[PDB]
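Participant: Before we start, here is the structure in question, set down as structure tokens.
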Amino acid sequence: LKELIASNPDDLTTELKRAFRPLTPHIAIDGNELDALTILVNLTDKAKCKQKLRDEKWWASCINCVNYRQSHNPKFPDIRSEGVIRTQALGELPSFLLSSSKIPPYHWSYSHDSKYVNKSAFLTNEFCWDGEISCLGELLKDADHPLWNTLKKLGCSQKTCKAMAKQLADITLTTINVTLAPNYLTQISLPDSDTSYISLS
RNA sequence: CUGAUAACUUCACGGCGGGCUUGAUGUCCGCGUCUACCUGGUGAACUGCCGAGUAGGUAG
């Protein structure tokens, strides 16, 4: 919760880059808003000056990263492991069993390949607009949404590139897609009673 | 029916040079240890003989 206090203490550039990457406490983009959304649209290459990253087929590489957001990481710890898993805990746990039902689930991150790491900006970072701690890509998938005339603060995005952001991101955030063969996933089997056995990965 | 099933981290190596802990010093004064104590071998292994013999031998 260090939004403008951490914006200009005159340290260095990458204080913000350490602050959006989800291994840190969040910030809350409420007061100074257009100067922060010009950062995430400029975190793709590795303000308002290094443009032509706005209203092009840039969005074709920008839309492909929202499918791969990975609640759970199927590549841990072996590298070659294809899979997409995004589902919460499915139930509840008692008082003395620590798991990820006991902490809230808001640090999910792109894990597909090497090239699209920087181009997975602008829709996979989390910025706490006024209430909700929320991302940027699970918000711009509807029409009647604020901080979207601030997309028109930049006089570049025509309202036919708005017409794709209407209907591209429609139903995505519940899937599980792993195929057990041929794959490098681990799996075991355990008894559920003295009659059958349940496999689990 | 085990975060399941399989798995060689390896090769080479100079820590070295030099060096003054010193000067001075009063532990002293006094002092009652004492009283009382059963160790218990019955008669029991006795008497000659040779040799000058507190040595040596020898009898039943």
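By convention in this document, the chains of the structure tokens carry letters A, B, ... by their order, each chain's residues are numbered from 1, and ligands are numbered from 1 in the order they are shown.
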Using only C-alpha atoms (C1' of nucleotides), tabulate the residues of chain A lying at most 10 Å from any atom of chain B, each with its closest atom pair and that distance in Å to one decimal, by chain and increasing residue number, as a tab-separated table.

Facilitator:
```
residue	atom	partner	partner_atom	distance
A:76	CA	B:3	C1'	9.9
A:77	CA	B:3	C1'	9.4
A:185	CA	B:3	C1'	9.5
A:186	CA	B:3	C1'	6.5
A:187	CA	B:4	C1'	6.0
A:188	CA	B:4	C1'	5.2
A:189	CA	B:1	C1'	7.1
A:190	CA	B:1	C1'	7.4
A:191	CA	B:1	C1'	8.8
A:197	CA	B:1	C1'	9.6
A:201	CA	B:3	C1'	8.0
```

Participant: Where in region 35-183 of chain A does DSSP assign strand (DSSP E), given as a list in words?

Facilitator: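 Strand (DSSP E) assignments inside region 35-183 of chain A correspond to residues 84, 85, 176 and 177 of chain A.
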
Participant: Which residues are near residue 169 (chain A)? Cut-off 10 Å, only C-alpha atoms (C1' of nucleotides), ignore same chain within fewer than 6 positions. Put them as JSON, numbers by chain.

Facilitator: {"A": [63, 66, 67, 137, 138, 139, 140, 141, 142]}

Participant: Name the residues in contact with residue 72 (chain A) at a cut-off of 10 Å, using only C-alpha atoms (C1' of nucleotides), excluding same-chain residues fewer than 5 positions from it; report them as a list in words.

Facilitator: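 The filter keeps residues 83, 84, 85, 86, 87, 88, 108, 109, 111 and 176 of chain A.
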
Participant: Quick one, how far is CA of residue 30 (chain A) from CA of residue 145 (chain A)?

Facilitator: 14.9 Å
